[PDB]
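Just the one chain here, laid out as structure tokens, in the form deposited in one PDB entry.
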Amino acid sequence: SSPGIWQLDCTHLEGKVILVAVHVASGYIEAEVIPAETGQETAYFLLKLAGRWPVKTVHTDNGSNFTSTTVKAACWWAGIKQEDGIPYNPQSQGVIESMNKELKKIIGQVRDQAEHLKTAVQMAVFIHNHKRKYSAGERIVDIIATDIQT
């Protein structure tokens, strides 16, 4: 069911890790800076996400997180179906790659306004989600609202 599908994405900058969740149908994202991508960090990020949006299915970003007992525990707790993130359609991976580049670009554009990387990442989340193309933020709300009325 399209409304509930999210994709995990892990990218790197300034020797740190940026963990991203993308709502596939809308392009809407949430993101956090973590010291490194562990099962525990990924599990906590998914718990936060699922408390905030109706997360039905997650395409995990790699096999370590797919295997992780802590990630599996979080998915069980929050009612998330954990799936692999293998792009059976290969245009999927190019879209994520492009987004990581887009996000890094925005981070560079705001980097001066923020002392800490985590502030710059949240500025980038804001700009990404508000960007008129409707915005991603508008699309996710419309998609989920339409789904609730069924």
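Just count from 1 along the sequence shown to find any residue number.
Missing here is the form deposited with a small molecule bound; even so, the following discussion is about that form.
K.L.:
Can you tell me if residue 95 lies within 4.5 angstroms of the small molecule in the entry with it bound, counting non-hydrogen atoms only?
P.N.:
Residue 95: contacts the small molecule in the entry with it bound.
K.L.:
So, in the entry with it bound, is residue 27 in contact with the small molecule at a 4.5 angstroms heavy atom limit?
P.N.:
Output for residue 27 is yes: heavy atoms within 4.5 Å of the small molecule.
K.L.:
Even though the partner isn't displayed, in the entry with it bound is residue 102 close enough to the small molecule, meaning a heavy atom within 4.5 Å?
P.N.:
Because a heavy atom of residue 102 falls inside 4.5 Å of the small molecule in the entry with it bound, the answer is yes.
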